[PDB]
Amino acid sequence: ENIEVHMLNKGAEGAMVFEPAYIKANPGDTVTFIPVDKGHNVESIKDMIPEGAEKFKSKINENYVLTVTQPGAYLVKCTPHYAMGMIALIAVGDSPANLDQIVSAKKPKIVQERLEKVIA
């Protein structure tokens, strides 16, 4: 199946958000990122994607289709706006083995805060 995500300047959660910021998927599903507003992209955060998943980085203002294979959690950011908290969590399969590790990982306070709301 395909899950559609919008990249926006402002959304329910504040400025610079992925909608939805919590994406539940299964191996083989696609995640389509659509920059509704300009100045956004999607990029995998180093060490915040499952063991064996490939790193990715879309072009700014480009529609981007990600195919998810490896089960586990993925924390993706917007390159330009990561520091303002523009992130999304992709959970592939049940009880992602690396979820606790991602929650614990070093990241900007703003990011960490949103991560906490998205998980809740």
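All residue numbers are counted from 1 along the displayed sequence.
- Relative to one another, 73 to 81 and 90 to 98 have unequal mean CA B-factors, and 90 to 98 is the one with the higher figure.
- Stretches 61 to 69 and 48 to 56 differ in mean CA B factor, with 48 to 56 having the higher one.
- Ranking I110, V103, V17, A25 by Cα temperature factor from the entry places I110 first.
- Among all modelled residues in this chain, the alpha-carbon of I34 has a temperature factor (C-alpha) in the middle third.
- Per-chain ranking of the deposited C-alpha B factor places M7 in the lowest third.
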